[PDB]
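# Architecture and fold: a report
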Amino acid sequence: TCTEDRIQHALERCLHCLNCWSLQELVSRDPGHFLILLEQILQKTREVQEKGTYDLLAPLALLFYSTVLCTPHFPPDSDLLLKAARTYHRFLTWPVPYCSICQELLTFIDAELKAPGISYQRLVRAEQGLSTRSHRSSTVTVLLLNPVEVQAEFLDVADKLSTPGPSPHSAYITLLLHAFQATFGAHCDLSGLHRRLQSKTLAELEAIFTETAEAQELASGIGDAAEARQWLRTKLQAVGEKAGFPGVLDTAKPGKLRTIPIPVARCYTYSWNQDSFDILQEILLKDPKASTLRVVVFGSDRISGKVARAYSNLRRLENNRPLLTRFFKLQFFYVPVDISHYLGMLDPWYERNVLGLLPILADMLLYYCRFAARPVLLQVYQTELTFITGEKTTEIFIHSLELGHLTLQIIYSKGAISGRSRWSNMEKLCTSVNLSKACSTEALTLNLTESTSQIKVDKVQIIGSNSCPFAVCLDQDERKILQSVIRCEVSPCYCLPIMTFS
Amino acid sequence: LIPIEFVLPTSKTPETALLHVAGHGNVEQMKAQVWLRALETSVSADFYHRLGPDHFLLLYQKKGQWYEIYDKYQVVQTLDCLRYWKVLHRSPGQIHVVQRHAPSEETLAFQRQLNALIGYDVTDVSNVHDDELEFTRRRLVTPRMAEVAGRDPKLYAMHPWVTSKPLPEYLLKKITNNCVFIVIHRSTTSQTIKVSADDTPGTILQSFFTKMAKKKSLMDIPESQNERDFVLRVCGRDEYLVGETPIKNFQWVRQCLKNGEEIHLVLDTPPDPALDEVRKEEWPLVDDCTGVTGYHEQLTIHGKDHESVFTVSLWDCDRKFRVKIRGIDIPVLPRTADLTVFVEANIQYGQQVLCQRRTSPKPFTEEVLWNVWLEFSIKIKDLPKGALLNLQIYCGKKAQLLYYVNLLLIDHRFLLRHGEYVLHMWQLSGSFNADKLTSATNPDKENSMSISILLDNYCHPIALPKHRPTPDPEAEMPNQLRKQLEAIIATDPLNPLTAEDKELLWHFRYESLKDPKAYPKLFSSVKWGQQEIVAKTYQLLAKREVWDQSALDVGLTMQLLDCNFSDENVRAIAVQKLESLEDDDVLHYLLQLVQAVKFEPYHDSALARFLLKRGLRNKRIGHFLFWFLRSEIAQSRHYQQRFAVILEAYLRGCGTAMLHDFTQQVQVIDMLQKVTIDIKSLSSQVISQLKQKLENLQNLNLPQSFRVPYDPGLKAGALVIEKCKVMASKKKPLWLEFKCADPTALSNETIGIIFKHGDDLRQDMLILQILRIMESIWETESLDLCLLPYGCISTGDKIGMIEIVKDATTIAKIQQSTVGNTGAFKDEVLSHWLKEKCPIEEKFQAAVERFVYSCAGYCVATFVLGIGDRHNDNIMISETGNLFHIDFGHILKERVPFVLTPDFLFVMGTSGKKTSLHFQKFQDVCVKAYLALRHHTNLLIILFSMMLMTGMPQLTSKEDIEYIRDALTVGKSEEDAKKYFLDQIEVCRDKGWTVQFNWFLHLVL
Ligand SMILES: Nc1ncnc2c1ncn2[C@@H]1O[C@H](COP(=O)(O)OP(=O)(O)O)[C@@H](O)[C@H]1O
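The residue numbers you see begin from 1 on each chain and track the sequence as written, which may not match the entry, and residues missing coordinates are not shown. Each chain takes a letter, starting from A, and each ligand takes a number, starting from 1, following the order in which they are written. Neither water nor hydrogens contribute to the side-chain values; these are computed over all heavy atoms in the structure.

What the deposited record gives as its method is cryo-EM, and the resolution it gives is 3.9 Å.

### Notes on helix α9 (residues 201-212) of chain B
Three- or four-residue spacings in an α-helix give side chains the same orientation, since the helix completes a turn every 3.6 residues. All names here are of chain B. Operational definition: Only runs of H or I of at least four residues qualify as helices and only runs of E of at least two qualify as strands under DSSP, and these elements are numbered from the N terminus. Take the number of residues in a helix, subtract one, and multiply by 1.5 Å to get its expected span. Note on exposure labels: buried denotes an accessible area under 20% of the residue type's maximum, exposed denotes more than 50%, and partly exposed covers the range between, all computed with a 1.4 Å probe on protein chains only. By definition, the arc is the one covered by directions from the helix axis to the C-beta atoms. Two residues form a contact once any of their heavy atoms are found within 4.5 Å.
Here α9 contains twelve residues, and its C-alpha end-to-end distance of 16 Å stays within 8% of the 16 Å for a straight helix at 1.5 Å per residue. If you check which residues of α9 are buried, you get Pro201, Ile204, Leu205, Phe208, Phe209 and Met212. Angularly, the buried residues of α9 cover 135 degrees about the axis, an arc narrow enough to put them on a single face. Looking at the buried side of α9, the elements it contacts are β7 (179-186), β8 (189-196), α10 (216-219), β9 (231-234) and β10 (263-268).

### Quick word on the state of the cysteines
Filter applied, for reference: Here, two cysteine sulfur atoms that lie within 2.5 Å of each other are counted as a disulfide.
If you walk through the whole model with that rule in mind, you get zero disulfides over all chains. Free of any disulfide, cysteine 369 of chain A has its nearest neighbouring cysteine sulfur in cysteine 267 of chain A, separated by 8.6 Å.

### With respect to the pairing of strand β19 (residues 400-405) of chain B
All names here are of chain B. Cut-off, in case you're wondering: Think of it this way: DSSP has to see at least two bridges between two strands before they count as a pair.
Along β19, five of the six residues are buried, which leaves the element largely enclosed by surrounding structure. Relative to β19, strand β18 (residues 388-395) is paired through four bridges, and the arrangement is antiparallel. Opposite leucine 391, over in β19, you have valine 405 as the bridge partner.

### Notes on the side chain of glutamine 392 of chain B
All names here are of chain B. Our working rule: The term polar contact refers here to a pair of N or O atoms within 3.5 Å; inside protein, the definition further demands a hydrogen-donor-capable atom paired with an acceptor-capable atom, and it admits residues adjacent in sequence only when both atoms are side-chain atoms.
Relative to the assigned elements, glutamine 392 resides in strand β18. Of note is the side chain of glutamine 392, whose polar atom sits 3.3 Å from the side chain of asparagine 390. Once you skip the residues sitting within four places of it in the chain, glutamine 392 turns out to touch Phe342, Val343, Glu344, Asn346, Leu401, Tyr403 and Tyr404.

### Quick word on the interface of chain B and chain A
Operational definition: Accessible surface is computed with a 1.4 Å probe, and the buried area is the amount of it that two parts give up when combined, taken over both parts together. In this classification, the charged set is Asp, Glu, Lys and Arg, the nonpolar set is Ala, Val, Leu, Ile, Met, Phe, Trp, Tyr, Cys and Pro, and all remaining amino acids, among them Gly, are polar.
Opposite the 29 residues of chain B that make contact, chain A presents 18 residues. Together, the buried faces of chain B and chain A total about 2000 Å²; carbon and sulfur atoms form 56% of this surface. Connecting chain B to chain A are eight residue pairs in polar contact. Breaking the side of chain B that touches chain A down by element, the ones donating at least two residues are β13 (320-329), β17 (367-379) and β22 (450-455) of chain B. Looking at the side of chain B that touches chain A residue by residue, the class counts come to ten nonpolar, eight polar and eleven charged.

### A short note on the site of the ligand
Residues and elements named next belong to chain B. What counts here: By convention in this text, a residue qualifies as near a molecule or strand provided that one of its non-hydrogen atoms is within 4 Å of it.
As a matter of local geometry, the ligand sits amid 13 residues, with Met727, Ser729, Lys756, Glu803 and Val805 nearest to it. Contacts to the ligand include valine 805, whose backbone N or O atom sits 2.9 Å from a nitrogen atom. One of the side-chain nitrogen or oxygen atoms of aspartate 887 is found 3.3 Å away from an oxygen atom of the ligand. For the shell around the ligand, the secondary-structure elements that each account for two or more residues are β28 (751-757) and β30 (799-803). Taken together, the residues that form the shell around the ligand break down as seven nonpolar, two polar and four charged.

### A word on the domain arrangement of chain A
Residue and element names in this part refer to chain A. Selection criterion: Domain start and stop positions are those given by an automatic or database domain assignment. One side-chain nitrogen of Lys or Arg within 4 Å of one carboxyl oxygen of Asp or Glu is enough to make a salt bridge.
Split by domain assignment, chain A resolves into domain 1 (1-114), domain 2 (134-165 + 265-372), domain 3 (167-262) and domain 4 (381-494). Taken over C-alpha atoms, the centre of domain 1 sits 27 Å from the centre of domain 3. Counting from both sides, the interface comprises eleven residues of domain 1 and, opposite them, 16 residues of domain 3. Interface area, domain 1 with domain 3, both sides summed: about 1100 Å², of which 60% is carbon and sulfur. Interface area lost by domain 1 to domain 3 is led by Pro72, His73 and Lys114, which between them contribute 57%. Our enumeration of links across domain 1 and domain 3 arrives at zero salt bridges. Our enumeration of links across domain 1 and domain 3 arrives at three residue pairs in polar contact. Contributing elements (two or more residues each) for the side of domain 1 that touches domain 3: α3 (31-51), α4 (57-70) and α6 (98-114). Taken together, the residues that form the side of domain 1 that touches domain 3 break down as seven nonpolar, two polar and two charged.

### Some thoughts on the environment of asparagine 346 of chain B
All names here are of chain B. Its place among the elements puts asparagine 346 in strand β14 (residues 340-349). Taking the C-alpha atoms as reference points, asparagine 346 and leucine 388, separated by 42 residues in sequence, lie 8.1 Å from one another. Dropping the residues within four chain positions of it, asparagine 346 is found in contact with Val353, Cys355, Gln356, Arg357, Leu388, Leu389, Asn390 and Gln392. Reaching out from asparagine 346, the side chain makes a polar contact with the side chain of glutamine 356 at a distance of 3.3 Å.

### Some thoughts on the nonpolar core
Formally: Buried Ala, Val, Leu, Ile, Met, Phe, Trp, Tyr and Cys residues form a nonpolar core when they are joined through side-chain atoms within 4.5 Å.
Among the nonpolar cores identified, the biggest contains 239 residues, and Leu590, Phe738 and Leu900 of chain B are the most heavily contacted of them. Per-element accounting of this core gives the leading share, 14 residues, to helix α30 (residues 841-865) of chain B. When residues of this core are assigned to domains, at least three map to each of domain 3 (297-428 + 435-463) and domain 4 (807-1004) of chain B. Ignoring any residue separated from it by four or fewer positions in sequence, one finds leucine 900 of chain B in contact with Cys855, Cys859, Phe922, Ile985, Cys988 and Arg989 of chain B. Formed by 64 residues, the second largest nonpolar core is a distinct cluster that contains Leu42, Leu106, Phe108 and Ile339 of chain A.

### Points about the environment of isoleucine 109 of chain A
Summarising the element assignment, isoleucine 109 of chain A is placed in helix α6. The exposure class of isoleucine 109 of chain A is buried, given its relative accessible area of 1%.

See below:
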């Protein structure tokens, strides 16, 4: 159809920015679009399954895992899930990690077939935190901003997101309406059920919601999905009867299926003038897997790295004194306001959606925060500094170093990918020892001010002139300039990661 | 699941634990389950907490024999224990668990002894990135025990030598009235008895006892000890005459008759079988099936839920094979010159390059990092077993080839290689050589150019199926096509096959299958790049009645083992055919088979096991096998590990006495080699120092007895210090002269040896094998060329032992005797020397006849092998008029065919262009031999090609094989060959001394 053709065109234009948001809006107008869209993907997906072009695989996956998670109802006549299952069941011959993506999708598809709507209910229940006793889990959203660095538009976005729009009563209303719609198709009058619920108290609503979620999970646990679906449909009919509103359901005449946009999760905003993340630890006073602290750091290069320093710092602090994990299995999300550039070069999807940066920006932010689910690590260079008085300290840096404004003992072990530790000693009198991050790891190009010259290194040691104190910088930071240093070792070292789409 | 019970070390009685295991679970998962259950069930759980699961092995009995569940990644289903129990209706399973145990000090001492004998440690695991060698070592255990069980200690110890071919006609002249005289030396008596050619040793001994039953006293045979306790033995040598075979069927008797020498034998008690014990095996047998993965039905995924997927059949995958090349690093440059260097990768099956790809050239340096992906057009499902992923580093300005390295895409146990890899690349020393197929890495991991690659892993192993040869149901051909096809089949082995012919053969392959000779040509046409064709071919080979009924043809079977064919079943049927060969033919072809072992893609084959069995079943073959392999280990760094494994798997079953003999021989050779190296490093001083050193060696532990390498029946004794000396040569060999340690030796002749250093002999060893094969052919043709093979051998890097032809002088010396050092070559010199050495005219005539024979034989052989351009300073002649060559080590723009100097013409008397009876006899014999030989063009060509491939180190090109073909005059009438050979003879006659004189000048220069 013309609308279907436009859907395909928009999807194609996306594959090659705001295309994602535009597509989301377009599909959100009619429930039918969903199925239509899901068809086109399984067409294009199959294409790659033969052409063996790896790159396009990762984006489509997300789109699919997005589209299915938003559709309101799947008529039992529709078999599109079987088509997806068969299409993805033949990817296991693919290399790693694509097989991981396909395995996760297979698990998700089995879940959906057994008991539709499970994924939506789980996501919303975790987001709003109205979790059941058997499955007690929650979610958080923290927006750390530097008012000056973060532009006024970003500030408006954060303020809007921290706005407490919804209420738990509305959460129960939406969750029950969505579950019944998805399960019973159009044979229910959502208006009548909504009217009956609006009179119902919070306690009874929550009890019914908990029971419905328990029935959902139980059905998802059943072996045969075909029988499980009917079993759960009957159970929900019995639940509606017992509560006292069965009439709205099962209506012989179908209604008009309604799209249910995902709700808005809790959000709290804090100023973060400091580049030290410790601010968060304070809010702690104010289970790891039961919830996560989706810290949302606004991203500026200059400070990007200087704050990454803080991140890694507290990373070590908790790795040695794990307490934050006991509360939340943390997750971090950078937000360009070159830690992004690296992500984009590795994962182009990120480069085209996150790096490009309710209002369009807010929707994009929500989407990104909710679907980017692939932690990526960054390379980093550990070092140990021994001072005049025998004091020894361990530091970690990623940008560069500056040692000087002397008879510097300079030893270094260049390396080969093959693994040839070509040691070398250059005990030369130098003044300014500037480490440059030239760019499978890499080699900082050590610099020296004697006739100048600069060369790469892999693992280095510098010894001063008979306990000579030499100033050392940290990633160009003129604030933290350690001194009284006599010895300096440098070498590359290897839940709270740098969340990326990957 | 699978209910299985595991016995447990801890007792008051050994504990048991019944367990259910995944039907398709592997051994690792089962081990984890067993350890976890034991941690709970254990009466003393601390005992099992202290140790890990790896500190125990799983031994289960099968009819009484413990087998160990070795392969930790094999699937539980393939285990033969389950199948055997089902046959036995034993359940739930019973698997004893035994903690590891450190090897006994005795075991360590024995292991070090074997390492010393081999000359290279086998237990090392340094230059390896796999487990194939240890796995093969454990695998080979079963054949050793099986063969040892079925061996008669008596005959095994006596190891009589026999054969079964008909007597050559000329030799039937010597035997008359079907009887011959045998001399018996006993104590101090010599009695001659006439016995028919068809009287076995037992019958002859019984008849002799009956004759002399009244006179045992003089014979000095105790009355108690009856005939049972005495058997014949050849006087002066350790070779017996026992068994049940006509007296003419023992090689020694035929040799004596050929030599015209009265047969002498002496009674002696049987050698003790107890000396042949083998140390009780120190290992449990490894399970039966390890190299079988299953049928494609089970290993595929379609029709299975992903949660129930244990493995992915390789054929299911259908992408393009893809690899990632990271970089190349070398410590120091190879040269100082700006040259672009690019890596080139290829996929090769056999010698056929399935596909190629090349990278980007870059300014060469010590380090060059690419990190680039290469995708071959070939899909993953069409990877045949044994494919080689060749890698090369072409240094451009064509681009020189600097290094390379091979790699098996599929490892031994049928699991696609996956993960990271760091290889060490060999360095180059034509078109092809046997070196490029080495699967090993460079031991010098310090200063050897190394490369790094990456192959994408998978969430599961990608195994390979095993074919399910379900019968194939798959009329008459046009007669013209039949004629064309047959003509194609009739071409020479080397004749290339066009695409059209290949398609025809494959299309009409059921036609060819009805003809054995077509087999080698039929498999070349097969396209290896498709799974479907492979399946069809295996179906074709399933029906193998025609090949089986085919009479054994060694020449044909050799063609199969060439590198062309890397199929599992092709070489299996070839070995099957070889299984029928008797012992003597094996002695003939042993060196060529050992060479062919190189081409086998994997460490364990059918060929290796066949060799092991034949060696263990006999002594003599075992001896020669030992020396050949030991020579291979020392030299060829490419394959030292494989031969080391095979030889170790051997030496553990030979026995005791054999081990002691190897010990003594190796010690003596090492001492002499050390002295030789010390001496050659630097006049009469040299001789005095050598004699002093020999005296010291006597003062040292230079054993007094040892079987000579190239002649096990001959026991060397104590050196004759005075008779030794140093020859005058650019390499200065040593001249040793031992004396036999047998007190019963008839004569006092010494045992000569020449000990050469600083030169490889393998070329000479191979050429001598070729000459022996040719001699066998001619004997089958009922002639006598009186060729002179002598036993040469190599026993290390540039060290060799050579038999000494007694009473033998080079032709150059004879020339110097009269002419001196000018260059003139009078023809009367050789005749005068021979006549002087032969005062009796009858002796003179016999010597002339033998001289003509040997000259003809050697001329033919050298011409056939195309090495007849021998300088006039490498040919020897015996006082008996016999002639022969030596020094086949340097020979591997006029080009004379072969040396037929005019002096030979004078010897035969027909100087100039005149002729006489002698010359015509020479020509007649030459032509007879030449045609009889051309009757085996296939065998000659295949052996020569194998020699070139696995012989000289430098790269070889088809030009050599082109020449060889040309020479024999393949596919030409008998008269054409006669004319061609006579033309060669006349060309040799015409030139005269010109070429040899030029050679003399060049050597002087
Ligand atoms: N099998 C043999 N029996 C007796 N003498 C031999 C034998 N082989 C070589 N010689 C002697 O060794 C000398 C040739 O040595 P060789 O190493 O072949 O040549 P070169 O002098 O070029 O090194 C000759 O004097 C020859 O008599």
